[PDB]
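Protein chains in written order, with the deposited numbering: chain X, 1 to 241, 253 to 306; chain Y, 154 to 245, 259 to 306; chain F, 2 to 45, 54.
All remarks here apply to the structure that follows.
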Amino acid sequence: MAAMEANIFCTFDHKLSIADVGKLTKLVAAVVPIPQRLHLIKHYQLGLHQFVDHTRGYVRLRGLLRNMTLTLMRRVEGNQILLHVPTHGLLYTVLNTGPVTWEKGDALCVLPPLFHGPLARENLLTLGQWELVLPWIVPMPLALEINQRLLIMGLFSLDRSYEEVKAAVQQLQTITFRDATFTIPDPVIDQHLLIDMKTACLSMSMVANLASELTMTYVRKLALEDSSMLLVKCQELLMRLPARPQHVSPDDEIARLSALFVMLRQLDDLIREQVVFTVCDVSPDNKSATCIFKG
Amino acid sequence: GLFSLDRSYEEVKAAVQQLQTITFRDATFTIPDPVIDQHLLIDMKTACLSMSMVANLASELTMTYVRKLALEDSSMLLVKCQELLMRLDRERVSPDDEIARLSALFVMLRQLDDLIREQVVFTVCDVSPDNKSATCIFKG
Amino acid sequence: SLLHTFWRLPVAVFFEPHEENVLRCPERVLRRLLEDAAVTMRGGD
């Protein structure tokens, strides 16, 4: 009976002005999320504003956005917008919503928006206490650093006092990426992040236990007679306190290191987002790019 | 790459030779030794050091955070994790240094992500006795 | 007198008491139990 729609029309019901449809035309080829797929939907379900709540926990918004479906905007006209769902592997054009600069050859991820500078750009169809808050498309290193800093801040919140936590939070709230800088809005610690903390600490202790003698002793052995800036930094990070190896067993060692490999993969997946886009050559004005949709 | 440091002893030479050979369906080729002139190529050094460091950091970092979380887990396996770490202990600071150490752990893990995941490029459809040639479906 | 436990660290209890068995021991209650049992045992050529 049911059919899965691919072309989605969104109809407004607020008596829009000319400036509203003008700003809609500027948004052509952007990406917008939808919670459910139908041929004709109301504007209230479109955009991220429907989910915001007074707690404003960033982890909650990230988790909610992960479940959502992504669509592209095409052929904007009067109070009727056409949204086209992407098909895996096809070649699409997109106009970036946020201010983050792109580069060719890398990957992109979907994240909820960030506090940047004066917070000037919220002109997106503010109408009737509703607004079109779009998600951000950012390159892989910035997204990975954001997830890393949220998780690290959450871990640091434990075993520390209130003011130490405040100082650490105020430091971690900032990020620098490709000559730009951004600030994370409302990174409050919450039970959603506590689940991530529990699974991450379990995986980390597992990688600690699975590590063999040779793997642990490698760094300390290499510090004996090698020297480089990378090595001195790595040694400075670690605590401070030849011989034939105690045990040699390539079969048991390879099994152990394979298990440790799986555990490291599991630990890494905590911060890796879904790789939505792989990019091609970009317009030199940085506004729009050609990309392939994956995942 | 790990055994590169201990190569002088004959045990390591024999183990490296045994690891070097690989066997598969009617295939018995040998892969190249990742060391030259008893030295490591720099990218291999970075990858090996990153793995060994991310192994080393977790051994002395997890205990405090694990023992703090032990009070609350209703899934109750985190307490067994704490006990396992304490058994490992039996087998053998200013907040800024702590935050730097956490950042180092995660950046070192990300450095190893270059080798952790595999691109599943192709899946195969039936092959000719000319087996050099085969058909397959492309996957991202 | 104290018993020897296999696990070095104990664990938190959960679930209602009809799918796994746990004993609970208020010390005052146990003292009353001991006294009552000792008295009633004697109560009951």
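Backbone N, C-alpha and C fix where the C-beta goes; we use that ideal spot for every residue, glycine too.
Inset, instruction - Specify the secondary structure class of residue 2 of chain F as computed by DSSP and reduced to three states. - result: coil
Inset, instruction - Could you check the C-alpha separation between residue 178 of chain Y and residue 100 of chain X for me, to the nearest Å? - result: 49 Å
Legend entry - Residues that residue 219 of chain Y contacts on chain F, provided the C-beta gap is smaller than 9 Å: Those do not exist, as residue 219 of chain Y stays about 11 Å from chain F at its closest Cβ, beyond 9 Å.
Legend entry - Local conformation of residue 145 of chain X per DSSP, three classes: helix
Inset, instruction - Note down the Cα distance separating residue 301 of chain Y from residue 86 of chain X, rounded to an integer number of angstroms. - result: Taking the straight line from one Cα to the other gives about 27 Å.
Legend entry - Interface partners of residue 269 of chain Y on chain X, CB under 7 Å: 152
Legend entry - Cut-off 6 Å between Cβ atoms - residues of its own chain near residue 198 of chain X, not counting five sequence neighbours on either side: none
Inset, instruction - Per DSSP, which residues does residue 84 of chain X bridge with? Please list them. - result: X:7 and X:72
Inset, instruction - Could you tell me whether the Cβ atoms of residue 200 of chain Y and residue 281 of chain Y are closer together than 8 Å? - result: In contact: residue 200 of chain Y and residue 281 of chain Y (Cβ atoms closer than 8 Å).
Legend entry - Whole-number beta carbon distance between residue 137 of chain X and residue 288 of chain X, since they are thought to touch under 8 Å: 7 Å
Inset, instruction - Go to residue 175 of chain Y, then tell me how far its alpha helix (DSSP H) extends in each direction, as first and last residue. - result: From DSSP, residue 175 of chain Y is part of no alpha helix (DSSP H); its letter is neither H nor E.
Inset, instruction - Please check if any C-beta of chain Y sits within less than 8 Å of the C-beta of residue 166 of chain X. - result: no
Legend entry - 3 or more residues per run - each beta strand (DSSP E) lying fully within the stretch 116-163 of chain X: 136-139
Inset, instruction - Could you check the C-alpha separation between residue 70 of chain X and residue 31 of chain X for me, to the nearest Å? - result: 7 Å
Legend entry - C-beta neighbour in chain Y for residue 1 of chain F, strict 8 Å: Because chain F is modelled from 2 through 54, residue 1 of chain F falls outside the range shown and cannot be assessed.
Legend entry - Exposed unless 16 or more other CB atoms sit within 10 angstroms - verdict on residue 264 of chain X: buried
Inset, instruction - Mind checking which residues open and close the beta strand (DSSP E) that includes residue 292 of chain X? - result: 288-293
Inset, instruction - Give me the Cα-Cα distance between residue 20 of chain F and residue 202 of chain X, rounded to the nearest whole angstrom. - result: Cα to Cα, the separation comes out at about 27 Å.
Inset, instruction - Could you give the DSSP three-state label for residue 299 of chain X: helix, strand or coil? - result: Three-state DSSP puts residue 299 of chain X in a strand.
Legend entry - Any chain Y beta carbon closer than 8 Å to residue 12 of chain F: For residue 12 of chain F, a Cβ of chain Y is located within less than 8 Å of the residue's own Cβ.
Inset, instruction - Taking only the alpha-carbon atoms, compute the straight-line gap between residue 1 of chain X and residue 37 of chain X and give it to the nearest angstrom. - result: 15 Å
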